[PDB]
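Colleague: For reference, the structure I am asking about is given below.
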Amino acid sequence: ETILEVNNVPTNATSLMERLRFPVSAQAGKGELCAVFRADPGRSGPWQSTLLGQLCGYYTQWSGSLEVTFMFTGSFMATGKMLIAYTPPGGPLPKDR
Amino acid sequence: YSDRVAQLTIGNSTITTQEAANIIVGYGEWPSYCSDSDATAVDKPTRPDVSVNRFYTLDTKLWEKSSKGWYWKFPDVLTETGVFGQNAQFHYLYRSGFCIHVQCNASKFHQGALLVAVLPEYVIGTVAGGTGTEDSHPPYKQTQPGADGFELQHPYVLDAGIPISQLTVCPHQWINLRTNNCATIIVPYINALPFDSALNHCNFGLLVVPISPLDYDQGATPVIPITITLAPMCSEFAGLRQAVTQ
Amino acid sequence: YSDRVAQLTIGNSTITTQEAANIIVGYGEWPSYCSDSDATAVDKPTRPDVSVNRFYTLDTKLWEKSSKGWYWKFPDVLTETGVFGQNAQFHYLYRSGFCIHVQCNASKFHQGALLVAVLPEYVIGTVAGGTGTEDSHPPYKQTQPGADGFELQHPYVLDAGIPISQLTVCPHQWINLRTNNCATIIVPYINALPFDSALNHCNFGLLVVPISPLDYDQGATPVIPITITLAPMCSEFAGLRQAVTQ
Amino acid sequence: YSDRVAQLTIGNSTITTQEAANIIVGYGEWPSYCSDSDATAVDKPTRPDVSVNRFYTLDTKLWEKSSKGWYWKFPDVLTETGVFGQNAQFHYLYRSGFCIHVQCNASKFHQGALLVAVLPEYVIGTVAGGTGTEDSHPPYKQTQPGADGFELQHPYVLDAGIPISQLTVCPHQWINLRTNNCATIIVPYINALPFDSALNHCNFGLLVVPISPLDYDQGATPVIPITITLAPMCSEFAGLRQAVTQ
Amino acid sequence: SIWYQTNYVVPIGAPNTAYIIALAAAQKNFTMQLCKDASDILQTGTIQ
Amino acid sequence: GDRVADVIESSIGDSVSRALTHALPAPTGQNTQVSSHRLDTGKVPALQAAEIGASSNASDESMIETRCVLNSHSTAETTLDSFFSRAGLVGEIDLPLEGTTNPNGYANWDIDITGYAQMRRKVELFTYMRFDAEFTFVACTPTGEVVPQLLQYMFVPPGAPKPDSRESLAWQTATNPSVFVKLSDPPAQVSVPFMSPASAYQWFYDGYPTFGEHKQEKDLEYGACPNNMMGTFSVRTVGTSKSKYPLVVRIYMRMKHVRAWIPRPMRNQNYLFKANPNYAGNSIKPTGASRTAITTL
Amino acid sequence: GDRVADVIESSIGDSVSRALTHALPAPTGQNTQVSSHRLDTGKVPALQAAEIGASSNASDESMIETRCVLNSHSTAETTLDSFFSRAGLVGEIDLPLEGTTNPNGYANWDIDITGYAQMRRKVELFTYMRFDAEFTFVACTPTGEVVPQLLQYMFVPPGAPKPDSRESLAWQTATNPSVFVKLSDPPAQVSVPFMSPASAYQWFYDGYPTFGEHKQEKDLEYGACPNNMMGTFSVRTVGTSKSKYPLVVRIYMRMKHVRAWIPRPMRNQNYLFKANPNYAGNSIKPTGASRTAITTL
Amino acid sequence: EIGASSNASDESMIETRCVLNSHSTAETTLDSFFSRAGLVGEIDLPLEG
Ligand SMILES: CCCCCCCCCCCCC/C=C/[C@H](O)[C@H](N)CO
Ligand SMILES: CCCCCCCCCCCCC/C=C/[C@H](O)[C@H](N)CO
């Protein structure tokens with residue numbers, strides 16, 4: 001496993017280390033969207049930070065299941081439940097949860 | 001091995017939890033398909049399995065410091081949702097049990113306790129004109145609220161003359177904020193018939209209601225949501241026709 | 001026992017016929033479910049069986065004395081029809097064969113012969129600006145007509161440079177008014193993949209086209225309709241998601 | 001038995017911990033003495049055992065809310081410390097693996113995650129004059145910082161063109177403040193040679209770098225220190241001479 | 001996609017905002033089949 | 001291979017309901033074994049989590065040093081048969097000489113067990129019930145006097161012709177059951193089988209009986225399951241000239257061979273209507289009595 | 001019983017494709033048995049119904065008195081391998097000194113078998129084909145002259161960096177196959193495996209490759225299956241200064257280990273575009289020659 | 001935090017079918033990944049420069 005750069009912000013080449021993590025906060029609502037990205041490993045660009053992504057870059061064809069592990073780095077006092085959905089090919093970005 | 005850490009995988013859905021109570025098996029009886037001796041319809045039913053037998057997230061209420069509690073009527077909650085509801089519309093007969101996973105989490109400095117309960121044949125009554133001299137009946141939006149659910153008129157009386165003071169008879173599970181953060185109820189198909197309409201009749205009702213009020217100091221989180229999740233088990237449909245709704 | 005009298009019962013559907021030709025088994029190969037050695041997706045597919053595996057009556061064209069012939073593209077014909085199309089929308093992967101029962105009957109004083117044919121991967125071309133100097137492409141309503149189907153631009157050329165003069169290669173069956181009054185074609189899942197989108201890709205195309213023109217004297221019936229009926233066999237769906245269409 | 005409670009006793013040193021992750025064995029391979037078939041030097045090496053094989057506390061950085069992360073180069077960290085470094089100076093050849101125990105603890109109302117990593121042959125590059133048109137090289141104090149270690153110029157690039165985005169390849173262990181309070185890495189002697197200079201060559205580099213920033217409210221503790229501890233395992237020295245340094 | 005099932009809930013003295021780290025790899029039924037060049041070449045224009 | 005494995009193993013169509021618990025015999029109340037003191041770490045019966053949804057498993061032997069008790073208290077009185085084999089009032093039919101009510105010595109009563117709270121609440125404890133019945137018919141005058149009259153009770157199952165007259169043609173009773181009693185005779189008594197199309201009667205139908213749109217018109221049919229609507233009940237004079245006496249008929253129901261299924265909380269509010277759980281909204285009462293303070297008796 | 005019967009018997013998940021017909025060996029053409037006269041009622045081979053959809057089963061032995069013929073004519077010439085193992089023209093790459101076409105000694109050719117009717121129509125007889133390939137590259141000047149030049153052919157699979165210059169950095173070929181030939185040397189020849197993600201190449205994709213709406217814009221992508229789009233083909237000069245000679249490269253494809261599947265009618269109209277079955281609408285031609293009358297030759 | 005990759009298999013995250021995977025892993029070996037001739041040097045011998 002290697003870091004999946006889901007946060008993409010080149011601004012300003014100094015805050016580059018922010019690219020390695022999600023912002024998650026106390027939403028004062030219901031089921032707000034947190035983040036979203038493509039599952040395509042060889043495609044640009046979040047998978048391009050992973051070792052799998054670059055090694056995939058040396059191969060035109062791949063096959064098999066993939067695993068994306070999410071680690072929460074809040075305080076121990078912080079709790080929360082979140083849904084994480086994989087939508088197979090076809091269908092657009094899920095407008096709501 | 002532990003009792004509070006659980007995982008529920010059905011179809012392509014998966015629910016994890018680390019702060020739970022043990023799973024309740026309804027009436028000490030696991031959901032099952034209909035035998036050839038209980039059934040009466042001669043049609044060969046469809047048992048779509050994975051496509052319809054999976055978790056559905058249908059609502060999320062905000063537990064405020066002064067809330068009366070809500071309810072949902074099954075299986076009217078899914079009738080417009082997913083490929084389960086599609087089968088429930090094109091067909092006349094339906095049969096399934098559910099795996100309800102009510103969930104609500106807060107800090108360790110929050111307090112309060114919910115009461116998750118599955119009350120079969122939850123018939124709803126009306127305030128009889130305030131005085132008792134009016135045989136009024138509830139609208140469709142009250143007996144079959146569906147997705148968003150309905151807020152109780154009065155919680156003490158369960159809007160039916162029956163007391164919530166003894167609701168823990170039928171399969172229940174508390175969500176006490178200082179111990180658990182989710183409840184899980186597995187019910188079988190509870191009916192006197194092997195199959196039913198699924199549109200007209202509602203097998204049971206989920207009653208999510210707080211008894212000990214939510215409370216918290218001037219902390220950094222006042223928005224505490226309760227989320228309802230359910231999953232049909234051993235689903236059967238028979239009597240195929242055109243698509244019919246409410 | 002007889003050859004021309006047949007009955008086709010699938011699910012809760014039933015087709016009878018007394019004046020038919022023998023049933024064609026496509027490529028001498030009965031439709032089957034996908035093995036665990038051909039498949040590649042790890043998902044446990046839904047095999048809804050009866051609910052989706054049944055006859056569908058989707059269109060009825062009027063065979064006039066001067067008609068060029070029509071076609072339909074499978075399985076785009078059912079995508080909005082029944083509980084089959086529902087599964088085909090909520091899912092990414094689909095697999096099925098069909099049982100097409102084209103039907104058209106007249107008197108004994110009528111004459112004419114239809115040509116029912118199942119042409120796999122029936123890609124459609126355009127008249128290149130009449131002169132040949134335009135790389136135009138067919139609209140969505142021509143490549144995926146769906147329910148009502150599409151009338152041929154030119155029937156000789158099959159709107160693809162290929163000749164109808166040799167269409168009887170792929171599984172076919174004539175409807176000659178003086179002998180039979182219906183055709184029946186059973187095809188298996190014909191594809192290089194174990195599963196496909198069912199919305200984007202069309203496994204084959206049904207080509208109903210007259211070669212010997214319909215003719216009749218000044219009798220008491222000039223309205224002779226051709227009716228298309230089909231039934232999915234061994235249907236499988238995988239890759240569940242939200243409802244998606246054309 | 002438990003997974004997070006651990007104790008590490010080597011020689012006359014002992015480290016206790018109650019909130020840890022499991023121990024990482026480097027490349028799934030326990031440190032070992034050099035065989036008579038891998039070795040090439042004919043000298044009979046000294047294996048001082050207890051005196052040098054023990055925990056050393058060499059540095060303690062202050063993890064501020066905006067820090068780029070630090071690194072150390074092994075085994076240049078001990079060269080002036082203890083009776084290990086004495087053997088490493090009087091000798092030409094050296095061989096050992098290490099038991100690194102990075103440690104950092106805060107409250108339950110703190111948050112943040114460190115990334116402990118052991119990157120073999122961690123060669124350091126320079127900003128090429130800002131523009132790229134200067135073949136400058138790092139000073140001795142940057143490639144061989146020793147005791148106090150060195151702060152990264154840029155953390156994204158690992159000061160070598162390589163990305164930290166995929167540093168978790170080589171043996172690593174996270175220090176996430178809400179779960180663990182210490183990391184432990186056991187590496188064997190990682191080199192293409194059975195022995196090396198220990199002064200000139202550095203087998204690997206310890207990279208302690210935060211990815212999720214330290215954060216805390218206006219509590220009663222803003223000084224959160226990271227402390228580095230290491231212990232040579234199976235230490236061997238050969239080629240005795242006079243005392244030589246950097 | 002990532003949704004909030006309920007909420008990110010915090011007591012009085014802890015941060016209202018936290019961060020999540022995503023790690024990615026392949027399962028064990030994973031294979032690769034055809035060798036291409038790297039999608040991006042890292043050189044402009046001559047080395048040394 | 002052949003066939004596919006995910007069909008071979010698949011538990012689709014599993015018929016028998018997997019039992020998490022079996023029933024044990026309990027003729028007597030549970031006996032009490034002797035207990036002694038216990039001062040240990042780890043063994044802790046008293047501590048429990050109500051969140052789970054289960055009742056306290058803590059036995060009295062582990063909460064207090066107990067003696068031996070050979071309990072032989074019978075549990076027979078607390079069975080569904082011996083709890084429901086009690087004849088209760090379920091109907092009162094009036095046949096006055098002249099009034100607002102039925103004045104022609106023919107009354108029709110669509111059979112509704114409810115409408116009498118005591119028999120109702122006892123029955124409303126369960127949601128589904130299946131039983132045979134024993135009906136008793138007590139006839140007299142509004143003063144309780146016994147008079148020489150001849151009644152005819154007739155059971156009119158759903159779809160059968162309802163009497164529209166005191167001398168209707170339906171009183172020929174060529175098929176549907178009817179009883180001919182004098183008021184001089186003791187109360188007529190009849191045994192009745194379980195005749196619902198369903199496996200059990202329902203005291204609660206959480207739904208509508210019809211399809212289509214449910215506007216404010218057809219909203220009163222909510223909660224109407226025809227499976228426990230067993231038809232109408234009719235009384236005659238008998239004809240042909242009008243009676244000479246005011247009459248009252250009281251119907252009593254006794255249940256036997258009872259089998260209730262799923263339990264229900266017990267009504268704490270005044271019943272107001274038949275087959276309808278409505279209640280007075282401004283007059284909401286507590287389930288029991290109340291006191292002045294929680295620290296006083 | 002347990003479990004339900006309609007699951008036990010149910011043929012859901014039947015894996016093997018039920019074969020209606022098996023293949024028999026035919027090394028030689030079918031021999032002919034002797035025949036005699038036959039004057040019978042009921043046995044009638046000649047009469048058949050084409051409506052059925054089957055070909056005439058009537059054998060020549062039952063239509064005419066036949067002799068014995070030991071047929072030993074081989075059927076080997078008529079096999080997919082011996083029919084497709086014929087190298088045909090599939091590409092012509094031009095590298096002129098100065099023209100409208102590629103003028104820098106670097107051409108890119110997205111690999112498309114079609115664009116040359118003879119090799120196309122032969123291949124278009126089947127819908128699905130699976131095969132290994134043998135590519136040959138013939139290089140010369142537009143006059144056919146052989147000159148002392150050094151080319152570099154490079155195979156650029158889908159996703160690999162395409163050359164944008166005669167001296168592009170992609171010509172390092174650290175992974176993707178490339179060949180270095182002189183024009184002095186005989187034609188370069190390479191064997192190529194079947195590398196589609198599908199079980200076979202498709203000459204016909206009756207659909208769209210993308211989802212969403214298919215307006216008149218993305219309508220040209222109809223019939224585009226990326227499974228038989230195997231990337232691009234690139235040629236070098238080689239650098240760094242521009243060449244001295246005009247060059248032409250012709251690509252020839254030979255198929256081996258061929259396995260076609262479902263048969264297709266055979267093109268009778270002029271091909272007009274690559275990967276697109278369009279045709280001239282006003283110039284629709286008959287599939288063959290025509291005569292003046294059906295009663296004359 | 002442990003430092004290990006996810007041991008969670010797809011069979012325990014979703015109801016899965018049977019798949020007899022025969023995809024070869026030969027293409028992904030050090031020999032078949034490095035047996036590719038690449039440019040490593042360019043030597044120039046101009047007439048005058
Ligand atoms: C000779 C006359 C015999 C009459 C036989 C009547 C037997 C009827 C059995 C009782 C059926 C259940 C009673 C109905 C239930 C409740 O009253 C309401 N329907 C509640 O919705
Ligand atoms: C060293 C260079 C070797 C080049 C290798 C190329 C091999 C490609 C195999 C042929 C693939 C099928 C050809 C494509 C089909 C048709 O041209 C169109 N796609 C029709 O839509």
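Labels for the structure tokens follow display order: chains A, B, ..., residues from 1 in each chain, ligands from 1.
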Please return the superposed copy of chain B as a short mmCIF file (atom, residue, chain, number, x, y, z; two decimals) with C-alpha atoms, in the first residue's frame; the fit should be least squares onto chain D across all sequentially paired Cα atoms.

Modeller:
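The result, written out as selection_9.cif:
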data_model
loop_
_atom_site.label_atom_id
_atom_site.label_comp_id
_atom_site.auth_asym_id
_atom_site.auth_seq_id
_atom_site.Cartn_x
_atom_site.Cartn_y
_atom_site.Cartn_z
CA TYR B 1 -2.07 -11.75 25.45
CA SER B 2 -2.36 -8.45 23.57
CA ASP B 3 -0.92 -6.80 20.45
CA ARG B 4 -0.33 -3.21 21.55
CA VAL B 5 1.40 -3.86 24.88
CA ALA B 6 5.07 -4.65 24.24
CA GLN B 7 8.46 -4.78 25.98
CA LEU B 8 11.90 -4.67 24.35
CA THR B 9 14.86 -5.87 26.44
CA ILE B 10 18.34 -5.80 24.89
CA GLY B 11 21.53 -5.98 26.97
CA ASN B 12 20.97 -3.74 29.98
CA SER B 13 18.31 -1.65 28.25
CA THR B 14 14.52 -2.02 28.44
CA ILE B 15 11.70 -0.23 26.62
CA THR B 16 8.07 -0.51 27.74
CA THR B 17 4.97 0.61 25.83
CA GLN B 18 1.22 0.21 26.31
CA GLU B 19 -0.16 1.91 23.21
CA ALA B 20 1.75 0.49 20.23
CA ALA B 21 1.26 -1.14 16.85
CA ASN B 22 2.68 -4.60 16.11
CA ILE B 23 6.44 -4.90 15.56
CA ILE B 24 7.69 -4.75 11.96
CA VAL B 25 10.44 -7.24 11.05
CA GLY B 26 11.87 -5.11 8.25
CA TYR B 27 11.86 -7.28 5.15
CA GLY B 28 10.34 -10.31 6.88
CA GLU B 29 13.82 -11.35 7.94
CA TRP B 30 15.41 -11.38 11.40
CA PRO B 31 18.93 -9.88 11.82
CA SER B 32 21.73 -12.46 11.85
CA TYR B 33 25.50 -12.83 12.16
CA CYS B 34 27.54 -13.22 8.97
CA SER B 35 28.07 -16.77 7.68
CA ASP B 36 31.48 -18.18 6.78
CA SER B 37 30.25 -18.42 3.18
CA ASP B 38 29.16 -14.79 2.78
CA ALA B 39 32.16 -13.27 4.57
CA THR B 40 35.46 -12.70 2.76
CA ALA B 41 37.75 -11.10 5.34
CA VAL B 42 39.99 -13.66 7.06
CA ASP B 43 40.17 -11.73 10.34
CA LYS B 44 38.41 -13.17 13.38
CA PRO B 45 35.80 -10.47 14.12
CA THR B 46 34.85 -9.16 17.55
CA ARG B 47 31.25 -9.71 18.63
CA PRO B 48 31.12 -7.54 21.80
CA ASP B 49 27.48 -8.54 22.40
CA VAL B 50 25.85 -6.85 25.43
CA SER B 51 28.14 -3.82 25.70
CA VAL B 52 27.20 -2.53 22.23
CA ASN B 53 23.91 -4.35 21.62
CA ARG B 54 21.58 -2.13 23.63
CA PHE B 55 19.21 0.82 23.31
CA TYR B 56 20.58 4.31 22.70
CA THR B 57 18.61 7.54 23.15
CA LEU B 58 20.26 9.98 20.77
CA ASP B 59 17.78 12.75 19.93
CA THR B 60 14.44 14.36 20.76
CA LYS B 61 12.84 16.70 18.23
CA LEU B 62 9.93 19.00 19.06
CA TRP B 63 6.98 18.25 16.79
CA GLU B 64 5.59 21.73 16.09
CA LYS B 65 2.27 22.37 14.32
CA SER B 66 4.13 23.20 11.11
CA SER B 67 7.18 20.95 10.73
CA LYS B 68 8.59 19.45 7.52
CA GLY B 69 9.98 16.32 9.16
CA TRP B 70 13.48 15.09 9.96
CA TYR B 71 15.88 12.27 9.12
CA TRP B 72 18.90 10.41 10.48
CA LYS B 73 21.59 8.42 8.66
CA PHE B 74 22.62 5.01 10.05
CA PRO B 75 24.99 4.08 11.48
CA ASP B 76 26.51 7.58 11.67
CA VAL B 77 24.18 8.37 14.58
CA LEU B 78 26.13 6.30 17.13
CA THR B 79 29.70 6.84 15.88
CA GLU B 80 30.50 9.15 18.81
CA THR B 81 28.08 7.51 21.26
CA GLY B 82 28.73 4.65 23.69
CA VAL B 83 31.04 1.67 23.35
CA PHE B 84 29.41 0.78 20.03
CA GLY B 85 30.89 3.84 18.35
CA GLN B 86 34.26 3.04 19.90
CA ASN B 87 34.37 -0.30 18.08
CA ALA B 88 33.14 1.41 14.91
CA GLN B 89 36.09 3.82 15.05
CA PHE B 90 38.97 1.47 15.92
CA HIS B 91 37.78 -0.91 13.20
CA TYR B 92 37.54 -0.78 9.41
CA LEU B 93 34.77 -3.33 8.93
CA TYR B 94 31.39 -3.27 10.68
CA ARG B 95 28.14 -5.26 10.54
CA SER B 96 24.85 -4.86 12.42
CA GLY B 97 21.09 -4.52 12.19
CA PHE B 98 19.07 -2.13 14.35
CA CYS B 99 15.97 -2.03 16.53
CA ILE B 100 14.57 1.48 16.10
CA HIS B 101 11.95 2.58 18.62
CA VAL B 102 10.63 6.00 17.61
CA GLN B 103 8.33 7.33 20.33
CA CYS B 104 5.88 10.23 20.61
CA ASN B 105 2.87 10.52 22.91
CA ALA B 106 0.13 13.10 23.42
CA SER B 107 -3.34 13.31 24.96
CA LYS B 108 -6.61 11.99 23.54
CA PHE B 109 -7.54 15.52 22.52
CA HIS B 110 -4.47 15.84 20.31
CA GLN B 111 -4.41 14.72 16.68
CA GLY B 112 -1.81 14.02 14.01
CA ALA B 113 0.10 11.15 12.42
CA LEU B 114 3.82 10.58 11.97
CA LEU B 115 5.41 8.33 9.36
CA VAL B 116 8.39 6.31 10.54
CA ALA B 117 10.28 4.76 7.63
CA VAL B 118 13.57 2.96 7.05
CA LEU B 119 14.87 3.78 3.57
CA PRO B 120 18.07 1.87 2.65
CA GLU B 121 20.77 3.82 0.79
CA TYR B 122 19.00 7.15 1.32
CA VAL B 123 21.12 9.32 -0.96
CA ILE B 124 20.38 13.03 -0.61
CA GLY B 125 20.24 15.51 -3.48
CA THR B 126 20.44 19.29 -3.56
CA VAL B 127 18.25 22.03 -4.94
CA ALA B 128 20.21 22.65 -8.13
CA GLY B 129 20.62 26.40 -7.66
CA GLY B 130 16.85 26.85 -7.68
CA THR B 131 16.85 26.83 -11.48
CA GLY B 132 18.39 23.42 -12.14
CA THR B 133 21.64 24.67 -13.65
CA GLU B 134 24.09 23.87 -10.85
CA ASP B 135 25.62 20.49 -9.99
CA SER B 136 26.09 21.36 -6.31
CA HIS B 137 26.45 18.69 -3.64
CA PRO B 138 25.30 18.47 0.00
CA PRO B 139 27.75 19.37 2.81
CA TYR B 140 28.97 16.79 5.33
CA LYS B 141 26.49 18.14 7.89
CA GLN B 142 23.59 17.23 5.58
CA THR B 143 24.56 13.74 4.40
CA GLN B 144 26.03 12.74 7.76
CA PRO B 145 24.18 14.87 10.36
CA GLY B 146 24.69 12.32 13.13
CA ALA B 147 23.25 13.02 16.57
CA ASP B 148 20.88 15.96 16.08
CA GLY B 149 19.73 14.88 12.62
CA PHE B 150 18.62 17.13 9.77
CA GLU B 151 15.42 18.97 8.84
CA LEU B 152 14.12 18.33 5.32
CA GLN B 153 14.53 21.08 2.73
CA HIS B 154 11.34 19.91 1.05
CA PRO B 155 9.32 16.96 2.40
CA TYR B 156 7.20 16.15 -0.69
CA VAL B 157 10.26 15.39 -2.74
CA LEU B 158 12.46 13.43 -0.32
CA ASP B 159 15.42 15.70 -1.14
CA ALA B 160 16.36 13.20 -3.85
CA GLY B 161 13.73 13.53 -6.58
CA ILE B 162 11.83 10.58 -5.11
CA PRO B 163 8.30 11.10 -3.73
CA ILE B 164 7.29 10.57 -0.11
CA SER B 165 3.93 9.69 -1.68
CA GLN B 166 5.27 6.14 -1.93
CA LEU B 167 7.67 5.78 1.00
CA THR B 168 5.58 3.08 2.67
CA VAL B 169 7.24 0.55 0.35
CA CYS B 170 10.35 0.11 2.49
CA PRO B 171 9.70 -1.00 6.13
CA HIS B 172 7.54 1.65 7.78
CA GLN B 173 5.20 2.22 10.72
CA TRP B 174 2.77 5.07 11.39
CA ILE B 175 2.48 6.92 14.68
CA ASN B 176 -1.16 8.03 14.67
CA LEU B 177 -1.85 9.96 17.88
CA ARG B 178 -5.36 8.53 18.35
CA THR B 179 -4.22 4.89 18.35
CA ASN B 180 -0.49 4.40 18.93
CA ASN B 181 2.22 6.42 20.68
CA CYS B 182 5.32 4.63 19.39
CA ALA B 183 6.71 2.84 16.34
CA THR B 184 9.18 -0.07 16.26
CA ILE B 185 11.26 -1.17 13.27
CA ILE B 186 13.66 -4.13 13.26
CA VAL B 187 16.00 -4.13 10.27
CA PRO B 188 18.74 -6.65 9.39
CA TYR B 189 22.10 -5.71 7.88
CA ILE B 190 21.00 -4.41 4.49
CA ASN B 191 23.99 -4.25 2.15
CA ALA B 192 25.52 -5.94 -0.91
CA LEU B 193 28.67 -6.49 1.16
CA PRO B 194 29.18 -8.66 4.26
CA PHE B 195 30.92 -5.73 5.96
CA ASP B 196 31.41 -1.98 5.43
CA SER B 197 33.19 1.08 6.84
CA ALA B 198 30.34 2.41 9.06
CA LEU B 199 31.98 5.85 8.78
CA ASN B 200 32.02 6.30 5.01
CA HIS B 201 28.94 4.26 4.10
CA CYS B 202 25.49 4.56 5.64
CA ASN B 203 23.35 1.42 5.35
CA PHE B 204 20.03 3.28 5.52
CA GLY B 205 18.16 6.35 6.72
CA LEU B 206 15.40 6.84 9.29
CA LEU B 207 12.72 9.20 7.99
CA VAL B 208 10.46 10.62 10.71
CA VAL B 209 7.96 12.87 8.93
CA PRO B 210 4.39 14.01 9.70
CA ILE B 211 1.77 13.76 6.94
CA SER B 212 -1.31 14.73 8.94
CA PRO B 213 -0.24 17.83 10.92
CA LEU B 214 -0.19 17.97 14.72
CA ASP B 215 -3.14 19.96 16.03
CA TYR B 216 -4.60 20.86 19.41
CA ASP B 217 -6.89 23.45 21.01
CA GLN B 218 -5.76 25.93 23.68
CA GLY B 219 -5.09 23.05 26.08
CA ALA B 220 -2.41 22.69 28.74
CA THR B 221 0.35 21.10 26.63
CA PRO B 222 1.80 22.54 23.37
CA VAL B 223 5.24 20.91 23.65
CA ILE B 224 5.03 17.49 21.98
CA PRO B 225 8.48 15.85 21.54
CA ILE B 226 9.44 12.96 19.28
CA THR B 227 12.26 10.83 20.70
CA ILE B 228 14.53 8.50 18.72
CA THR B 229 15.87 5.27 20.24
CA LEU B 230 17.89 2.53 18.53
CA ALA B 231 19.76 -0.67 19.38
CA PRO B 232 22.41 -2.53 17.33
CA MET B 233 21.75 -6.26 16.86
CA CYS B 234 24.33 -8.96 16.04
CA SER B 235 27.19 -6.46 15.88
CA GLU B 236 30.48 -7.52 14.27
CA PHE B 237 33.72 -5.59 13.81
CA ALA B 238 36.89 -6.51 11.89
CA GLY B 239 40.08 -4.90 10.59
CA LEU B 240 41.50 -3.39 13.77
CA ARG B 241 43.54 -0.18 13.60
CA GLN B 242 43.89 3.19 15.32
CA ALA B 243 40.93 5.39 16.32
CA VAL B 244 39.58 7.17 13.23
CA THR B 245 36.64 9.57 12.93
CA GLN B 246 34.73 11.71 10.42
#

Colleague: From a backbone DSSP assignment, name each residue in segment 52-121 of chain D labelled strand (DSSP E or B), as a count of residues only.

Modeller: 33

Colleague: Residues contacting ligand 1 - anything with an atom at most 8 Å away, using only C-alpha atoms and all ligand atoms - can you give me those as a VMD selection string?

Modeller: chain F and resid 111 to 115 133 135 153 to 156 177 to 179 190 192 194 to 196 201 to 205 223 to 226 228 to 233 274 to 276

Colleague: Next, dump the selected residues to file, keeping only C-alpha atoms, as a tab-separated table (two decimals), in the first residue's frame.

Modeller:
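Saved to out-v1.tsv:
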chain	number	residue	atom	x	y	z
F	111	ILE	CA	-69.68	-9.22	13.65
F	112	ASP	CA	-67.15	-7.10	15.52
F	113	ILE	CA	-65.55	-8.48	18.71
F	114	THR	CA	-64.45	-4.99	19.74
F	115	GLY	CA	-66.86	-2.32	20.95
F	133	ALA	CA	-65.17	-20.20	19.54
F	135	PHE	CA	-70.97	-18.37	21.37
F	153	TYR	CA	-80.63	-16.01	15.24
F	154	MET	CA	-79.07	-16.40	11.79
F	155	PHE	CA	-75.39	-16.39	10.84
F	156	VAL	CA	-74.88	-14.54	7.56
F	177	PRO	CA	-76.72	-21.59	9.97
F	178	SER	CA	-79.63	-20.29	12.03
F	179	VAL	CA	-80.93	-21.06	15.53
F	190	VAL	CA	-72.92	-22.83	19.71
F	192	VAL	CA	-67.61	-22.13	16.10
F	194	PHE	CA	-61.62	-20.93	12.95
F	195	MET	CA	-62.83	-19.70	9.56
F	196	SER	CA	-60.39	-17.00	8.41
F	201	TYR	CA	-57.20	-13.46	12.90
F	202	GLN	CA	-55.61	-10.00	13.04
F	203	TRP	CA	-56.50	-7.36	15.62
F	204	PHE	CA	-54.25	-5.03	13.63
F	205	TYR	CA	-53.96	-4.50	9.88
F	223	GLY	CA	-56.90	-0.95	8.97
F	224	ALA	CA	-59.61	-3.06	7.39
F	225	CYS	CA	-58.59	-6.68	6.86
F	226	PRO	CA	-61.57	-8.67	5.52
F	228	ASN	CA	-61.45	-11.38	10.26
F	229	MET	CA	-64.66	-9.83	8.97
F	230	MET	CA	-66.74	-12.99	9.22
F	231	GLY	CA	-70.05	-11.56	8.04
F	232	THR	CA	-73.20	-10.29	9.72
F	233	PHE	CA	-75.54	-11.53	12.45
F	274	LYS	CA	-64.62	-0.17	16.62
F	275	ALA	CA	-61.68	-1.47	14.57
F	276	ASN	CA	-59.90	1.86	15.05
